[PDB]
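This document opens with one chain alone, in structure tokens, the form deposited in one PDB entry.
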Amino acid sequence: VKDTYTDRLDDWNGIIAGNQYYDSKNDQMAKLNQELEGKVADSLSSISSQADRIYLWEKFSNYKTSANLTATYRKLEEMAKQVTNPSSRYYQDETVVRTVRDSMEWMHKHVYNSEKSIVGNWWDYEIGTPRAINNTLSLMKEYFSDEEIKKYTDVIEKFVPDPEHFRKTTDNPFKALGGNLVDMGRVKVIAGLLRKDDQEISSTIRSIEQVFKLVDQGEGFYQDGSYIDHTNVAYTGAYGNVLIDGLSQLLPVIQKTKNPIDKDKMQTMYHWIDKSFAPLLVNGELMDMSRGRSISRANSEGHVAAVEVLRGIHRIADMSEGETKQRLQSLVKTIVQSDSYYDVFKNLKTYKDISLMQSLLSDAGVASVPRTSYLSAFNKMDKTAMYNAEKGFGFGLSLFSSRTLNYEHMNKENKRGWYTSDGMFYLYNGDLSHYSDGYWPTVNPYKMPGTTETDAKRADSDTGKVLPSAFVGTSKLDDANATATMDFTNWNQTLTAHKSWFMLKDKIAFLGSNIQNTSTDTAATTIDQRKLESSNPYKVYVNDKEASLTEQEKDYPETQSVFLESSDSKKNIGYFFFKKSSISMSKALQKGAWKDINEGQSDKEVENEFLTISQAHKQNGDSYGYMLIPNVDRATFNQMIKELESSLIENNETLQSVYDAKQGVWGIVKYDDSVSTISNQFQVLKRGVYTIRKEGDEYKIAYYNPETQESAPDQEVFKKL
């Protein structure tokens, strides 16, 4: 019955597949089409023989394993996309039409129907499979009757009758929010359309509108740009991806129903883009510290995941108008063009998304200007993102506190992310491929960069924990200067350390004090564990003298500096130790497989060479202190360390401070309320984090008490002498 419902479904098909936009003369489109051709070809030659068949596909035959249901229906969706694509060799193919129809019927009878109960993961039964069924039926609606479409979607109403909750048929349902809530839309809004059910469409849209509300607690988007999911996990880069990706697909359809969403309610989407997503995108890569367990998926490395967000942003820009549309187009364009490592088209999986990107990149009317410097203090999720446009490097600080979980290990994914939030840092430089090409399965999980830990063995079965302390946070002064601290205690309460960071425009100082260890395990701080490029080797210098690193660890006592020299100055990394320190370094090939950190991934061996720098802490009360200076050549680095000779103000159990004489900026962390006199110019009076700038006889102050998550009147925390 061609009606308004089918009209909406046509729009939906144009969004999730876009065959109407296909052009065989379009190189990028032909590439996606050919990819679908091969997938359909493979599925057809392996699908089971309707003569006493026990399954459709042998590799997805154990229907006790819920993932097999979703994988099975997704193969049918691929067939639907090609049977409706005029340029596919399967266009209107009678055998494919019958295969989809017969497969739907078979699964309906023996595997997935209203009489079944959830076996395995609820997600497959309520989101993955319903979405695949909806899309298959929508795309091939001209090959199914309304009665058949209602028949194959009855099961969706059984497992997902309520647009506000998921797991409704289990003994522990939950409130749908964020990414999940958006998927609720892709399940019930589309099913509603297919079933011509007005109440389902309207009630579901009403539920979805909740996603536009910013929260000050719990899961969702925060005013400061943070995004929390799974109760207390920083998750902008995975669940937030799903949210923006899925919502941008749905909106064009929703806005054409009889229950469009108010334009002012949707205004917060622009806030997510500018506050939450943009800061996490550096040279086309989505910062891993925001992606949770997804970092353990081989097909979803940083640049790939970034496209999930970018394609969503672009669709939103396309449905916008005037300057809002223009500014968003410019954001997408500059980010994509800055990525010389990843081909954006590799993750634009529909013809419309491809078409949109191509027009964007060729439209001289859309400005593409390098992004300016910024520094986001995501205090509500304990992450900080810094970007310096003049020098061209990004910096990510991954922490956690009494308010957030350190790492997420679930669904057998991210088995070794134990220390990815123990003060771990990320450096985004000229090597855009650093955290890609197998970084996650080959990096030594016991030596995550920036972390202070003991060498005790950890079990893959362990799960995340929150921090005993709430004293973790960042005080931001401006777009280039901020200070952070973390009252760190390790997983088994055998080691502590006051870890602080001083972001000073073109460098970051790392200070650690009060390092205590009560175990018999050895303790140390990993200064860095950098993944190398066989094409761009580094020349290593210690105290400005060339060193030859080996697989075997070598000790370097009385170290003043370490410099990693590349042919490209934008890959250079220098470490300046305020006080001569005893460190050790090595360069070795590290092997591993994605399956080691994610049960569902390939066991194929992967390997990468890593340069590891460490500093042992053999006595209680130990400390470390060094300045990370990226993107400058050797001579400039050497010149800079002399300028910084007296930059360390203090690094003890109650006070940690670094001074940037060139900028006239101080970074200060106080663990108690004693009066601290700084550089004989002023005093700071309260426990907390400070970033101060002197401009003449004037002083600009940025104070933050991480525990109460509040600042305070200037006179309460600052006094000029």
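Just so we're on the same page, rigid core means the largest C-alpha set that superposes within 1.5 Å between forms. One rule holds for the numbers: they count along the sequence shown, beginning at 1.
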Per the entry, where is the mean C-alpha temperature factor higher: 524-532 or 118-126?
-> 118-126
Could you check the entry and say whether 643-651 or 500-508 has the higher mean CA B-factor?
-> 643-651
Highest CA B factor of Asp318, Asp274, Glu219, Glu453, as deposited, is found at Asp318
Per the coordinate record, which of the options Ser330, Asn481, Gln619, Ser290 holds the highest CA temperature factor?
-> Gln619
Mind checking which third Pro163 falls in for C-alpha B-factor across the chain?
-> highest
If you rank every modelled residue in this chain by C-alpha B factor, which third holds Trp12: lowest, middle or highest?
-> middle
Cα B factor band for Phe682 (lowest, middle or highest third within the chain) | highest
Third of the chain's Cα B-factor distribution that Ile692 belongs to, per the entry | middle
Chain thirds by Cα B factor, record data; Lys258 belongs to the highest
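Omitted here: the form deposited in another entry. The next part is about that form.
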Rigid-core-referenced C-alpha movement of 2 Å or more between this form and the one not shown, selected from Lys346, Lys591, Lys175, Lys554 | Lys175
Threshold 2 Å Cα movement between this form and the one not shown for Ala661, core superposed = no
For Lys81, decide whether the Cα shift between this form and the one not shown is 2 Å or greater, given a superposition on the rigid core.
-> yes
Taking the rigid core as the frame, does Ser248 move its C-alpha by 2 Å or more between this form and the one not shown?
-> no
